[PDB]
Amino acid sequence: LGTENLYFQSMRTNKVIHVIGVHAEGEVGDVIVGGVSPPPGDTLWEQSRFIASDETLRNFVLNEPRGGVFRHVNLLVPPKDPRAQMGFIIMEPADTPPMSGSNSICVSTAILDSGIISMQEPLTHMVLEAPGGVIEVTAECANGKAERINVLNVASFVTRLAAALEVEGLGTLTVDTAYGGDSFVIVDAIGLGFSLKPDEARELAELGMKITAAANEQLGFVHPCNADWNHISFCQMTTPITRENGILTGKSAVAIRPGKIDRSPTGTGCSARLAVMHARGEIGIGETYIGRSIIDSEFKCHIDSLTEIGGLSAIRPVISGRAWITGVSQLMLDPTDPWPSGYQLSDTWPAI
Amino acid sequence: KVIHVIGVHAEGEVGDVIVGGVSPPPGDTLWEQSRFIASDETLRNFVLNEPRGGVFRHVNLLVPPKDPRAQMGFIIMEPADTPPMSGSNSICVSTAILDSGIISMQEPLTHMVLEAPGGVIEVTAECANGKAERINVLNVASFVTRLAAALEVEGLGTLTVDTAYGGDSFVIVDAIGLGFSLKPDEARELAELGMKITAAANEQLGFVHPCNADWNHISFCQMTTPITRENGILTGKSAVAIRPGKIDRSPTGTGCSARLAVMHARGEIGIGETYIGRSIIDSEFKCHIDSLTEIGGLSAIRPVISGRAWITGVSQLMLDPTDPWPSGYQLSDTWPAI
Ligand SMILES: O=C([O-])c1ccc[nH]1
Ligand SMILES: O=C([O-])c1ccc[nH]1
């Protein structure tokens, strides 16, 4: 990657994990490329359950002093599904989910830019496996770089349309719940008094935690084909969709536990929102939808095809965005460091 | 274009060290060079802001020293300031310098002289098996500027505080009866209370260093619990609030220096007597007063701060010219707003 192979003899006793730093439309998605053995498990899903329950890797790479609550880190593993060329496990600050759009884009970009999978130009096609299923990727490549990644995400669908939700201090809200590769409660920000400007980030994150907590209590979440994913991960706070020079476009702020707004438009969020829109006849197959984030970054999306999941109408959405490499690192653990799993403090890692 | 960084923390507090890829800033003193870093902001934003840094990082730039006494210089980049000195960061710098081979390592002890923007510090590193395991730093002259001054703080009435310099500037206040324990899960509350006290101290008391007019504000609020003795050794805990709202994970070497100046002014500790400073996560700096001196008309001390650092990784930071955020960004969810 235009990087030097650095070596320091005084560090020879440290365990070492090789990471490529990346963000997609502003949202960090670092990629572990070396130093970590595939977790135990016959399925990728099972491997991800190990990562979630064991916690050792998660804490090492996500906690200060090496990570920070703004990071996500993805572990590359061999594919289990014969269709796939590479598997990956997504580690978010407080969850290990079935999918993540921005992180899948980071993974695709790191894999191709570093030569882990060979690059064709102008297009590279590959199949990756996430814990929540196989995804098909088309990378637009030029000059040895993967410039834009198009991801055919897993089946997305509505679980509740216009449900009532009681939240302390806010009375009764009307919300949707849906799956886009991860689970969402979706609510209008305008009625909550927000326009989704960047200076609102902390207030939106805290408001989002509260709404997601209420939704998990009152509504829950069921994926008809995944009995293991039974909670709402995210609160997606939206402003209404408009048409700009012919193209449908909408903004949201997605609150990630324990309290951080996605800097990207949230690929799973756009997938979920597209599922609601299609259910209400607000968009059809093929039509472009531009999702925007709190910092005005963008994903270009469309519905690729329709399908069905445990008898629910579903969509296969495409999410497209760009990622950029921010660095390469070797993470080390000195056996005498008194914080081998890092630490968490409420000043920089939101409590609760 | 690639910046080479050794990641380090000293007693929990991050102090990454840039060891290659960045030319020294213009200036005829290290202070002038640090002023360029502070005003230009390009390097600071790139290494401290997300997506590469985070509000919990500090990053140090090695440069050739301007002071003839020194062998290596460094510029400390903290989240909202580029200050004269930082104890934890000087320990990370010393550790990285020796572990990387930038200055040769002798065992069992290496002696070196470094230059921070606030002046020259003398370092003795305890080295074994090719590693610098413990760093002993003779910090810059430290002194009290006000003992037991009144400070009005909204919601708290009137506090009695000290202001002092330990290589950076402090308002020092007793946490007992302020209603928080010095515990990791009170970190956010303490950081916010600290910002508020520092703001009040800057408005009502201010800070002047006799030797340099640019060191003209109070950087930190040091919230203490009373001195005790543990395992026979005088010891005290503090939580230091770093702008824009983070508690030092180390005991704060400049804060220990300032507290020692107060203690000495009050006859609570003599020259050579060990004092252990403790942090919110119970990490430790072993300190003592080495000697006495005078700064302008002020009585002052030369304190030694001792701590251990550990390498967290080695990194190469890069910037893609099409990246829309070449200076990163700051958002209030993870980077506390002013
Ligand atoms: O893009 C996404 O789906 C995502 C989830 C969390 C952060 N980004
Ligand atoms: O050890 C210190 O002096 C320090 C200042 C800021 C963080 N640590």
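Sequences listed follow chains D and B, in order.
The numbers in the authors' numbering rise by one with no breaks, and the one at position 231 of the first sequence is 221.
The numbers in the authors' numbering rise by one with no breaks, and the one at position 176 of the second sequence is 180.
For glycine and all other residues, C-beta sits at the position ideal for the given N, C-alpha and C.
Exercise for the section: May I ask you to list the residues that DSSP assigns as paired with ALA191(D)? Expected result: Bridge partners of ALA191(D): none, in fact.
Problem - Pairwise C-alpha distance: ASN64(D) and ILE309(B) - result: 39 Å
Practice task
Kindly indicate if chain D contains any beta-carbon less than 8 Å away from that of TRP35(B).
Solution key: no
Practice task
Can you grab the Cα-Cα spacing for the pair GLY57(D) / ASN93(D), in whole Å?
Solution key: 15 Å
Exercise for the section: Indicate whether at least one CB of chain B lies closer than 8 Å to the CB of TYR279(D). Expected result: So, not an interface residue.
Exercise for the section: Pick out the complete beta strand (DSSP E) segments inside the segment 156 to 215 of chain B, 3 residues or longer, and give them in chain order. Expected result: 161 to 169, 173 to 178
Exercise for the section: Starting from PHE60(B), find everything on chain D with Cβ-Cβ shorter than 7 Å and list it in chain order. Expected result: For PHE60(B), the residues of chain D that pass the 7 Å Cβ criterion are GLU54, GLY58, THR338, in the order they occur in the chain.
Problem - Closer than 8 Å to chain B by CB, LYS187(D) - result: no
Problem - Near ligand 2: residue 417(B) beta-carbon under 7 Å from a heavy atom - result: Because residue 417(B) is not part of the residues shown, which for chain B are 5 to 342, the question remains open.
Practice task
Confirm, please, whether the CB-CB distance from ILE293(B) to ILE285(B) is below 8 Å.
Solution key: no
Practice task
Name, please, each residue of chain B whose Cβ falls closer than 7 Å to the Cβ of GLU(-6)(D).
Solution key: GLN320
Exercise for the section: Report yes if the C-beta of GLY91(D) is less than 7 Å from at least one heavy atom of ligand 1; otherwise report no. Expected result: yes
Practice task
With 8 Å as the threshold, decide whether the Cβ of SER108(D) is near any Cβ in chain B.
Solution key: no
Handout entry: Sequence-distant residues of its chain with Cβ nearer than 6 Å to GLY300(D) (five each side left out)
Key = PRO214, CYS215
Exercise for the section: Give the residues of chain B in contact with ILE10(D), contact being defined as C-beta atoms less than 7 Å apart. Expected result: Contact of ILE10(D) with chain B by beta-carbon distance below 7 Å is absent, the smallest such distance being about 10 Å.
Problem - Sub-8 Å separation of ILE280(B) and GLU272(B) beta-carbons - result: No, these two residues do not count as a Cβ contact at 8 Å.
Exercise for the section: Could you tell me if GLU156(B) is buried or exposed, where buried requires 16 or more neighbouring beta carbons within 10 angstroms of its beta carbon? Expected result: Residue burial annotation: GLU156(B) is exposed, with fewer than 16 other C-beta atoms found within 10 angstroms of its C-beta.
Practice task
Return the CA-CA distance between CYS131(B) and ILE80(D), expressed in angstroms with no decimal places.
Solution key: 40 Å
Exercise for the section: Give the C-beta separation of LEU335(B) and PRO328(D) to the nearest angstrom, bearing in mind that I take them to be a contact with Cβ-Cβ under 8 Å. Expected result: Not really, about 31 Å apart at Cβ, beyond 8 Å.
Handout entry: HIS62(D) beta carbon near ligand 1 (any heavy atom closer than 7 Å)
Key = yes
Handout entry: Rounded C-alpha distance that separates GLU190(D) from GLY123(B)
Key = 41 Å
Practice task
Please name the residue in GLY236(B), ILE22(B), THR228(B) whose C-alpha comes closest to that of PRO255(B).
Solution key: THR228(B)
Exercise for the section: Would you kindly work out how many angstroms separate the C-alpha atoms of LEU197(B) and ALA341(B), rounded to a whole number? Expected result: 14 Å
Practice task
Using a cut-off of 8 Å between C-beta atoms, extract the partners of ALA129(B) located in chain D.
Solution key: Going along chain D, no residue has its Cβ under 8 Å from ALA129(B), so there is no contact; the nearest lies around 12 Å.
Practice task
Mind reading off the beta-carbon distance from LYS241(D) to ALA195(D)? Whole number of angstroms is fine, and I expect it under 8 Å.
Solution key: Their Cβ separation, rounded to whole angstroms, is 16 Å, which puts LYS241(D) and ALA195(D) out of contact at 8 Å.
Handout entry: Any alpha helix (DSSP H) of 4 or more consecutive residues that is wholly inside the segment 269 to 342 of chain B
Key = none
Handout entry: Option in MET267(B), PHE224(B), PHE211(B) with minimal Cα separation from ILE231(B)
Key = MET267(B)
Exercise for the section: May I ask you to verify whether the segment 146 to 163 of chain D touches the segment 93 to 104 of chain D, counting CB pairs closer than 8 Å and requiring at least 3? Expected result: no
Exercise for the section: Pull up the CB-CB distance for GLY170(D) and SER261(D), whole angstroms please, since I reckon it's below 8 Å. Expected result: 3 Å
Practice task
Would you mind stating whether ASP166(B) and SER223(B) have Cβ atoms separated by less than 8 Å?
Solution key: no
Handout entry: Integer Cβ distance of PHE174(B) from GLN226(B), believed to fall under 8 Å
Key = 5 Å
Practice task
At 7 Å on the CB atoms, spell out the chain B contacts of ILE285(D), in chain order.
Solution key: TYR333
Exercise for the section: State yes or no: is the C-beta of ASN4(D) within less than 8 Å of the C-beta of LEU323(D)? Expected result: In this structure, the beta-carbon distance from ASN4(D) to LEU323(D) falls below 8 Å.
Handout entry: Interface partners of residue 346(D) on chain B, CB under 8 Å
Key = The requested residue 346(D) is not part of the displayed model; chain D covers only -9 to 342.
Problem - Cα-Cα separation between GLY134(B) and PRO55(B), rounded to whole angstroms - result: 33 Å
Exercise for the section: Could you tell me whether any non-hydrogen atom of ligand 4 is closer than 7 Å to the CB of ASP85(B)? Expected result: Ligand 4 is not part of the structure shown, which contains ligand 1 and ligand 2 as its ligands.
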